[PDB]
Each structure stands twice: as C-alpha cells, then as structure tokens.
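Chemist: I would like the atomic coordinates for the input below:
(chains A, B, C, D, E, F, G and H, ligands or ions: 7)
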Amino acid sequence: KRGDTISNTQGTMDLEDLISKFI
Amino acid sequence: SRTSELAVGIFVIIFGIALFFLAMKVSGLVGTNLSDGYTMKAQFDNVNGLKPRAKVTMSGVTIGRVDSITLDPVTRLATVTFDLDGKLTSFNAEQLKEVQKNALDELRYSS
Amino acid sequence: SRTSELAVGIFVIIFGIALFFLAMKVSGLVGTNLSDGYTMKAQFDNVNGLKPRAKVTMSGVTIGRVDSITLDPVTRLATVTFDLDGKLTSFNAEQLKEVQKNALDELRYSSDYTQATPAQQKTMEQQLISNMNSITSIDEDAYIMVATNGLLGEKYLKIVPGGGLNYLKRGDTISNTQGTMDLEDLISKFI
Amino acid sequence: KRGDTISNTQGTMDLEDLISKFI
Amino acid sequence: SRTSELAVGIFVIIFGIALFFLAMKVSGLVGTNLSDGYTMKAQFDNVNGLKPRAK
Amino acid sequence: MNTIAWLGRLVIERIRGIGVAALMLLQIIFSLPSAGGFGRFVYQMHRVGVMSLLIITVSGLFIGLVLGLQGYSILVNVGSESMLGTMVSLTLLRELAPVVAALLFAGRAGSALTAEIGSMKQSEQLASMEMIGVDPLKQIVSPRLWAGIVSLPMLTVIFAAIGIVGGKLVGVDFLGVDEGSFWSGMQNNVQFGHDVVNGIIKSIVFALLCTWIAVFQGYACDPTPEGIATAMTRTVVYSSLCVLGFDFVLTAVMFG
Amino acid sequence: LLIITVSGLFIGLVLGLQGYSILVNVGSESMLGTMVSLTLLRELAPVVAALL
Amino acid sequence: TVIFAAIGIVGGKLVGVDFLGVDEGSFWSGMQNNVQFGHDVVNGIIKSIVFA
Ligand SMILES: CCCCCC/C=C/CCCCCCCCCC(=O)O[C@H](COC(=O)CCCCCCCCCCCCCCC)COP(=O)(O)OC[C@@H](O)CO
Ligand SMILES: CCCCCC/C=C/CCCCCCCCCC(=O)O[C@H](COC(=O)CCCCCCCCCCCCCCC)COP(=O)(O)OC[C@@H](O)CO
Ligand SMILES: CCCCCC/C=C/CCCCCCCCCC(=O)O[C@H](COC(=O)CCCCCCCCCCCCCCC)COP(=O)(O)OC[C@@H](O)CO
Ligand SMILES: CCCCCC/C=C\CCCCCCCCCC(=O)O[C@H](COC(=O)CCCCCCCCCCCCCCC)COP(=O)(O)OC[C@@H](O)CO
Ligand SMILES: CCCCCC/C=C\CCCCCCCCCC(=O)O[C@H](COC(=O)CCCCCCCCCCCCCCC)COP(=O)(O)OC[C@@H](O)CO
Ligand SMILES: CCCCCC/C=C\CCCCCCCCCC(=O)O[C@H](COC(=O)CCCCCCCCCCCCCCC)COP(=O)(O)OC[C@@H](O)CO
Ligand SMILES: CCCCCC/C=C\CCCCCCCCCC(=O)O[C@H](COC(=O)CCCCCCCCCCCCCCC)COP(=O)(O)OC[C@@H](O)CO
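Modeler: Numbers count the residues shown, from 1 in each chain, chains lettered A, B, ... in the order given. Ligands and ions are numbered 1, 2, ... in the order given. Below you will find the coordinate block:
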C-alpha cells in the first residue's frame, strides 16, 4: 500500500565490504 | 531623470535574466517537483554516504527523493524515509483492471 | 568625546574577534559541538590513515569524533580516544525502563533460575540501580573497526553492534577491535 | 640498540611485476 | 599620555617580529627538529619511489 | 623612542576612526524614511550600479576564459573532461565571483563615492546644507549607502553568468567537449541553495563593507585637494583587506 | 609591502582549506602542496598582486 | 609577487599540515617533484613584468 515499509534491504558496500565478499 | 530611470530598468532586466540562467540552467531547481507523492520508509544496516535529497530509481528512472535519515537507538538500524510519486509509480484506471483480473488468475489458477 | 568614540572602536574589534571564534566552532575546526559528549577509548593494532577529528558512525549515521592517537611503546598498540554523544548513543527512562524489565528477566532466565541461591530476583534489584547511571546503547560484544568511506575517501571508525545482554558504562574500553586493512599485504598473498 | 641495522627487510613491488605475475 | 602612545607602539613591533619568527618556523627554513632522535639504517633491494624526508 | 611613539599614536587614531564610523552607520540605518527619498535612490543606482556594468561584464568574460582553458588541462589527464562544467561553475559560484567582483567594485564604484562626497565637503555644500536645516547624512549619504548594498549582489550574479558562458565557449566550442555532458554534469552537482544562494550571501556582506568604508572616508575627509586623494586610496586598501579577510571566515562556515 | 603580505597570507589560507576538501575524496591529500603552489605560481600571484 | 607567492605557500602549509593534519614530508616532496623552476616559477615572473 501507500505508506508501508519495504522489508528487504541491503546497505552500502564500501572497500572493506567488497574485500570480504571475494574471500 | 527619465533616462536614468530608463537605464536602471535595464539593469533589472539583465539581473533577472542572469538569475534565470543560474537557477534553471545551472542548478537542479526546476527538476524537483513531485506529483502528489506519497511517502514510504525502509530500514537499513549501513547508510554511509547517503545524503538527504538523494535519488530513488526503479529501472534507471528517478521516481522520488530521500527525506530524512535517523538512528532509532533501540534497534540501532538506520531508518530512511523517502517520498515517491503519483504518475510513474501508481496505477490508473486501465492498469488497475489489468492487475485485478490477473491477481485473481494468479490466485485462482489450477494450483 | 575622543574617549567615547575610542571605546566604541575597541568594542567593535572585540566583537570581531568573538565572531571569529564562533565561526571556527561552528565550522568544526576548534571545539566540540555535539551533545554532552562523554569519552570512550579503544586499542587497535594498525590505525594507518586515521587522523584526529575523524568520524565515528554506528549504522552510517555520525555519532562522534576522534580526539587523539598515541602509541604506548611497551605494548606497541595504538590507543584511540574518541568522544561520542549523549543525545543519540544512549536512551532515556522510557527506553531505559524498557531494558530495565528486559535485562532482569533475560539474565535471570529459566536457565539462571536454577543456577544460584534462592534470591528470587533480589540480585535483579541490585543490577538495575547500577544500570541507570551512565549507560550507553553499545552492547558488551559490539566491535569497532576502521573503515574507509567509499573506495578512496578518508578513514573513520565504525561501531558494528550485535547480540549482547550487558551494556557498556560511560567511559569503558571497547574490547573487540580490528585495525585498518593493509591492502599491500592482501595483494602480496594473492600472487 | 641505538645505531644498529635491521637485518630483516623486504623491498617494494612495482606494478609492472604485479602484472608479470598475474601473467 | 605619551606613555600610552609608547606602549601601543611597542606591542605592534613585538607582534610584528613574533609573526616573523613564527613564519620561518613553519617551513624548512631553520629548525625542523625531532625529540632527541637517534639513527638506524637498513638494506633493501628496491626502494622505488622512496624519497628523503618520508615517514 | 621617537618613531615608536609615532607608531602608537597612529594605531590609536585608527581605532578611534572605527568608533566614529560605527556610530555613523547606526545613525543611517536606524531612522525613519522621508519625502522624496526613493527617487534619490534610483538616481544613485544609475551612478553606482549602471556605471559599473561595463567593467564587470568584460572582466567576468576574461576570467571564465582562463578557467575553461586551465581546467581542461587538469581534467583531461585523469579522464574526466566531462566534469569541466562542474569545476568551472563551482569555482565561480563559491570563490571567484564574490571576491573578484568586490575588488573591482571597491576600485571603481567605491573610490568614486569617496571623491563625490569629499568634494562636497571641500566646496562647503555639506556645511551649507546643514545651516539651512537639512541633515546631510540623510539627504546625501543615505541614498549612496543603500545604492551600493543593492548593486553589488546584482553585479556578481551577472559576473558568474558570463563566466560560465565564457567557460562554455572555450571548453565546448573550441576544445571540443560534449555540450550535453557540459550542462548535465552541472545540473547534477550544483545545488541552488548551497552553491548559488551561498554566493549571494557572501556578496551582501562584501557590499556592506565596501560601501560603509567608501562613504565614511568621504564624509570624514580632510577638505584639502590632496586630503581627498589620500582618502580615495584608503577606500581601496581597506576594502580589499576586508574582502579577503572576511572571505576566509565565510568559506570556513559555508564550505568547511 | 603591508597590503601585499597580509593579502597573500589570507589567500593561501583559503587555498589550503578548499583544496583539502576536493582532494580528500579521491585519496590524494598528498597532492595538496602541488595544487597550492601551482595555483599561486601560475595564476593567482601574478594576477591578484597586480590588482592590489 | 615573489613575496606574495612565498607567504601564500607558507599560509597554505599552515592550514593543511598544522591544522588539518597531512604529512609534512609529503607536502614538500610532492611539491619538489612536480614544480619546475623554469616552467612554473620563471613563467610567473615573466607575467608580472608585463603587468608592471
Ligand atoms: C557595527 C557593525 C560591525 C560590523 C563589523 C564587525 C567586524 C569588525 C572588524 C573590522 C571592521 C573594519 C571596518 C572599519 C570601517 C571603517 C573603516 C575606517 O575608516 O577605519 C580605519 C581603520 O582601518 C580599518 O578599517 C582596519 C582595515 C583593515 C581590516 C583588516 C582586518 C580584516 C580581517 C577580518 C577578519 C574577520 C573577523 C570578523 C569575522 C566575524 C581608520 O580610518 P582612518 O581614515 O585611518 O582615520 C582617520 C585618521 O587616521 C586621519 O588620518
Ligand atoms: C555540516 C553542515 C553543512 C552545511 C548545511 C547547510 C546547507 C546549505 C543551506 C543553507 C546555507 C547555510 C550555510 C550557513 C549560512 C551562513 C550564514 C552567515 O554567514 O550569516 C552572515 C553573517 O555574516 C557575518 O557577519 C560575517 C560573520 C560570520 C560569522 C557568523 C557565524 C555563523 C554561525 C551561524 C550560522 C549557522 C550555520 C548553519 C550551517 C550548518 C549574515 O548574512 P546576511 O543574511 O547577508 O546578513 C547581512 C549582513 O550585512 C549582516 O547585517
Ligand atoms: C608545447 C611547448 C611547451 C612549452 C615549452 C617551454 C618550456 C618552458 C621554458 C621557458 C618558458 C617559455 C614559455 C614562453 C615564454 C613567453 C614569452 C613571452 O610571453 O614574451 C613576452 C611578450 O609579452 C607580450 O607582449 C604580451 C604578448 C604575448 C604574445 C607573445 C607571443 C609569444 C610568441 C613567442 C614565444 C615562443 C614560445 C616558446 C614556447 C614553446 C615578453 O616578456 P618579457 O621578457 O618580460 O618582456 C617585457 C615586456 O614589457 C616587453 O617589453
Ligand atoms: C545568459 C548570460 C547572462 C548575461 C546577461 C548579459 C550581460 C550584460 C550584457 C551587456 C552589458 C553591456 C554594458 C552596457 C554599459 C552601459 C553603460 C551606460 O549606459 O552608461 C552610459 C555611458 O556609458 C559610457 O560611458 C560609454 C561607455 C564606454 C563605451 C564602450 C567603448 C568600448 C567599445 C568600443 C571598442 C570595441 C571593442 C573591441 C572589440 C574588438 C551613460 O552615459 P552618461 O553620460 O555617463 O550618464 C548620463 C546620465 O547623466 C543621464 O543619462
Ligand atoms: C584571531 C582572529 C584574527 C582576526 C580577528 C580581528 C577582527 C577585527 C580586526 C581589527 C583590525 C585592527 C584595527 C587596528 C589596526 C588598523 C589596521 C591598519 O592599520 O590597516 C593596515 C594594516 O592592516 C593590517 O595589518 C591587516 C590588519 C589585521 C592583521 C591580520 C594579520 C595577522 C593575523 C594572523 C593570521 C591568523 C592565522 C596565522 C597565525 C600564524 C595599514 O595599511 P597602510 O600601510 O596604512 O596602507 C596605506 C594606506 O592605507 C594609506 O593610503
Ligand atoms: C531582515 C530585515 C530587513 C533587512 C535590513 C536589515 C538592516 C536593518 C534595518 C533596515 C531597515 C530599517 C528601516 C529604516 C531605513 C533607514 C534608511 C532610510 O530611511 O533612508 C531613506 C531612503 O529611502 C530608502 O529607504 C532607500 C529606499 C529603499 C532602499 C531599498 C530598496 C529595496 C529594493 C531591492 C530589495 C531587494 C529584494 C529583491 C529580491 C529578489 C530616507 O532617506 P532620505 O529620504 O533621502 O532623507 C532625506 C531627508 O531626511 C532630508 O533631506
Ligand atoms: C619564507 C617566507 C618568506 C616571507 C618573507 C617575510 C614577508 C615580509 C614580512 C614582514 C613584512 C612586514 C611589513 C612591514 C611594513 C613596513 C612599512 C613601513 O616601514 O612604512 C613606514 C610607515 O608604515 C606605517 O604606516 C605604519 C603602517 C601601519 C602599522 C600597522 C598597524 C596594524 C597592526 C596593529 C594591529 C595588530 C594586528 C591584529 C592582530 C590580532 C614608513 O613611515 P612613513 O612616515 O610613511 O615614511 C617615512 C619616510 O618619509 C622616511 O622614513
């Protein structure tokens, strides 16, 4: 509806996030 | 005096032209006007770098802006409130029927 | 009236100095404009690129600043002193009683009922009067780390919360850190 | 002691050899 | 009130010289010291890009 | 200590001069308006504003030509020639158009205000107006102060507009960057409230300082033909130090 | 000599404050002395000292 | 203009190194690498002789 909450998120990916993905 | 009042009136015409060029050719001012936009909100775990008045896109098309980002220190997840649009994201007369019959058909199929 | 005009000319200069130091405080170059900022500290093993007056964030929203970084050569670990924030890194009585009745029942749960003497939450009365004075929203096993603001920006300190039943008082030392990621020695292994 | 020589080093690694390795 | 004119003239010359000593300090020009620094040395095989007065 | 006494006597009379100029400003802006005072203001918008329109227009074009020529040489080596319109418009709007347009206003329209008021004092038109029963601070000084506070923020907007047009002319039309990427990168990173309005707030602070100095030095002049000329070079020196001094304070607040 | 000395100090203060904000977002704060000295030596010191 | 450019670099070093906290040795070494004397310093003096 109008005004609800989207309930699946994921935050930003900075440099330390990109590294821990590849390993 | 009739010349000096005539020449000052030209100094206000050239000022109004330059304020028009600065506002509506150089800045993003004319492109911030949302049509009957509602308001949703989501809750993240890292919003680092997200500023207010940032952009919301669906398929590469801008459909809103970002209003406010706060903590909520009882759950410690950041809460973003964003306001979308009327035309590009809400349905209309023909489209509502086009999803009303299929939502019954996706429900009352053979399965 | 040479003295009446000279006193006005001195008052204009002092007003121009007071406006200067008000502008440096607002800009952030001198002082600390946040909200009843208490002080925490932590001990890292590599703080390369971290400068004083840097940023501390919880989930991306800025909750503090860095004060000073010293070395301590007997242990050879850097010690970052940072001051946080009272307004939004803590909670007040409505949320504080919300975790007063929470932490009494959760710590004295169905397991810890048959683990001590029959006090019947008498010790739960002692723990809650130590709770209200000077408590933070940082749980006992959150870990702080040195993050890097994009791909090429400056470095800040990120507090990653998770789990935790106890909480940290105002002034303690966060006991789980990790330093900056040496992107030299990452590639040195990958060859 | 003050004045000695650190006898464990490793030099720098240029980006030409990095590519050389990563073929 | 010659003594008031004699005092403000002194503070202007005092502040004018103390600006000059502070200017030559904030630059390699004279000074550039370190808190009783001893000296070590090391042997490498490639120092490509290292320049004196590094850290 | 013969010159040390002369140096201390010099800076005391300058401190006392700020006290007279502060009380002179509070007597102008805190008073009731009067009869026929709007028409005297529109006449002084012609002498201060319209007369300065030719130095401001040509100097803004020449500065935008250098910015588009120097900014192309930096950005082309890092693969970001599409950010040329962003760096040209953001250099003018927050640094160069408030400051350089205030250094040419202090030279042309500031030094001409302290010569007009100063020759009224020498030829005793200010003493003749006072003995008739008309305050010369309201009749003569007050239209000239308000015409400078209005005309300088109107002239840095024209300065910044031709600087961007001049930088587009060397960048797009001679060095050959894409026209659609010039304006789209500018409309993305330049905000109106943070970059355009913050440049107008600077030029209102500068217009108050450049005109209050120029008006005071002609009123408190020395009615002697080389006492007027000593005053005209004091409004160019004192306004330039106040423009560059208040510019550091305003960028540390707005963009720091 | 007194207008030139004080105006040169005030302009270098703005260049080091504005040039830090640009360079810190691209990881090149070590190029601060290059852009401060090259802005003065080829653009600002010939032009602003000739306007004063 | 040589005195103008010298205090502008000293003023920019004072806000950059001594207040914002960049490395002092990288301030001067990046400057001594990219700034040439004949192309950047002498070309600023040739400008100020034409202006004078
Ligand atoms: C009531 C409204 C108050 C608003 C102002 C608030 C800020 C106050 C600070 C400075 C204001 C200066 C403006 C002065 C206006 C009158 C100018 C003037 O005329 O005063 C002159 C003083 O110099 C001078 O301004 C000094 C000229 C050079 C100034 C250089 C310093 C500028 C640096 C500013 C730093 C920012 C500080 C403020 C930031 C909040 C002296 O006059 P003279 O002709 O020599 O005396 C006549 C006799 O000597 C005869 O020979
Ligand atoms: C991290 C934060 C990012 C910034 C968020 C802002 C978003 C952009 C939106 C809007 C822009 C706000 C930026 C601050 C605006 C500066 C205000 C200012 O600088 O105020 C000026 C003071 O100037 C003088 O005295 C010279 C004196 C200067 C010292 C004044 C100290 C200012 C302290 C109050 C300003 C609050 C700043 C709010 C910004 C966070 C007054 O300007 P005028 O109205 O023309 O008055 C005309 C004068 O003649 C006075 O009679
Ligand atoms: C791709 C190439 C890279 C560059 C390589 C250069 C390497 C750097 C080393 C040295 C720097 C050379 C750069 C060119 C120097 C500019 C010369 C110049 O600009 O000449 C000036 C002419 O100025 C005026 O008329 C204003 C008139 C200006 C029009 C003059 C046209 C100049 C044409 C001859 C210059 C040859 C340029 C050589 C550079 C390739 C004269 O300067 P002054 O000696 O002070 O004379 C004093 C004046 O009062 C005249 O009485
Ligand atoms: C979207 C982008 C936005 C940009 C908006 C556009 C920007 C503005 C555009 C154009 C602005 C043009 C400026 C017009 C200047 C108007 C000046 C003016 O109009 O002033 C006149 C005099 O100008 C005078 O000196 C005559 C002044 C000198 C004449 C000029 C002579 C030089 C030109 C000749 C040489 C050609 C140039 C060389 C090219 C190769 C007034 O005459 P006065 O006798 O003094 O006063 C009379 C009063 O008592 C009663 O009337
Ligand atoms: C701490 C906060 C500082 C800012 C707050 C101050 C705000 C109020 C300002 C008050 C101004 C003082 C008023 C009394 C002094 C009179 C000023 C003056 O005397 O004016 C000029 C000098 O000003 C000058 O030094 C410029 C005068 C200001 C000096 C500033 C320069 C030093 C400041 C240090 C910079 C700080 C950071 C660096 C620290 C290492 C004199 O130039 P003249 O040689 O006469 O030119 C000749 C013509 O004028 C005649 O035809
Ligand atoms: C935040 C509050 C407002 C900001 C201001 C803050 C400053 C403090 C308050 C200022 C206002 C107080 C009101 C009193 C004004 C006192 C000045 C005054 O009253 O001056 C008057 C001039 O008219 C005049 O307003 C000059 C006539 C009007 C001048 C201004 C014209 C405005 C047009 C441009 C406005 C820009 C808006 C555009 C936005 C895009 C009277 O002068 P005279 O008639 O010649 O006297 C002669 C006789 O006495 C003897 O011969
Ligand atoms: C490595 C980096 C390289 C950098 C190199 C260093 C750069 C240069 C360093 C310092 C330069 C300082 C400038 C000195 C100025 C000398 C001016 C001078 O010396 O001029 C004198 C007057 O100055 C006068 O007005 C007195 C002038 C006004 C006095 C100043 C008053 C303002 C200061 C007081 C306020 C304090 C500032 C506020 C701080 C908070 C001469 O007197 P006259 O009677 O006119 O002539 C007499 C002749 O007939 C015969 O003698």
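
Chemist: close to chain G, is the helix or strand hosting residue F:15?
Modeler: Per DSSP states H and E: residue F:15 is located in helix F:3-29. No. Figure legend: helix F:3-29 not in contact with chain G (C-beta under 8 Å from any C-beta of the partner chain); closest approach 12.3 Å. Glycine gets a C-beta too; all of them are placed from N, C-alpha and C.

Chemist: can you tell me the closest non-neighbouring residue to the residue nearest the centre of chain F?
Modeler: Residue closest to the average C-alpha location in chain F (C-alpha atoms, centre = their mean): residue F:102, at 2.9 Å. Spatial nearest neighbour of residue F:102, chain neighbours left out: residue F:206 (4.2 Å); criterion: C-beta to C-beta, 6 or more residues apart in numbering or on different chains.

Chemist: so the one you found makes contact with residue F:246?
Modeler: Yes. The criterion here is C-beta atoms under 8 Å, and residue F:206 meets it with residue F:246 at 7.1 Å.

Chemist: and the helix or strand hosting the residue nearest to the centre of chain F, what does it pack onto?
Modeler: Here residue F:102 sits within helix F:97-105, counting by DSSP H and E. Where contact means 3 or more C-beta pairs under 8 Å, 6 or more residues apart in numbering or on different chains; DSSP states H and E, helix F:97-105 is packed against helix F:53-75, helix F:142-170, helix F:197-219, helix F:225-254.

Chemist: and the residue of chain A nearest chain G?
Modeler: When scored by C-beta to the nearest C-beta, chain A has residue A:15 as its residue closest to chain G, at 10.5 Å.

Chemist: again with chain F
Modeler: For chain F, C-beta to the nearest C-beta, closest residue to chain G: residue F:244, 4.4 Å.

Chemist: quick check: closest non-adjacent residue to that residue.
Modeler: The shortest distance from residue F:244 to any non-neighbouring residue, by C-beta to C-beta, 6+ apart, is to residue G:10 (4.4 Å).

Chemist: how close does the one you found sit to chain C?
Modeler: Note on residue G:10: its distance to chain C, by C-beta to the nearest C-beta, to the nearest Å, is 13 Å.

Chemist: residues in contact with that residue?
Modeler: By C-beta atoms under 8 Å, 6 or more residues apart in numbering or on different chains, the residues touching residue G:10 are F:244-245, F:247-248, H:11.

Chemist: same thing but 10 Å
Modeler: F:241, F:243-249, H:7-8, H:11 (C-beta atoms under 10 Å, 6 or more residues apart in numbering or on different chains).

Chemist: list just the nearest of the residues you listed to residue D:19.
Modeler: Checking the contacts of residue G:10 against residue D:19 by C-beta to C-beta gives residue H:8 as the nearest, at 41.4 Å.

Chemist: that closest one contacts residue G:12, doesn't it?
Modeler: Yes. Taking contacts as C-beta atoms under 10 Å, residue H:8 lies within contact range of residue G:12: 3.5 Å.

Chemist: between the two, which contacts overlap?
Modeler: Contact with both residue H:8 and residue G:12 is made by residues G:36-37, G:39-40, G:44-45, according to C-beta under 10 Å, 6+ apart.

Chemist: same list (those residues) but as CSV, adding distance to residue D:21.
Modeler: Formatted as CSV, the shared contacts of residue H:8 and residue G:12 follow (distance: C-beta to C-beta, whole Å):
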residue, distance to residue D:21
G:36, 38
G:37, 38
G:39, 40
G:40, 43
G:44, 46
G:45, 47
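
Chemist: cheers, nothing more for now.
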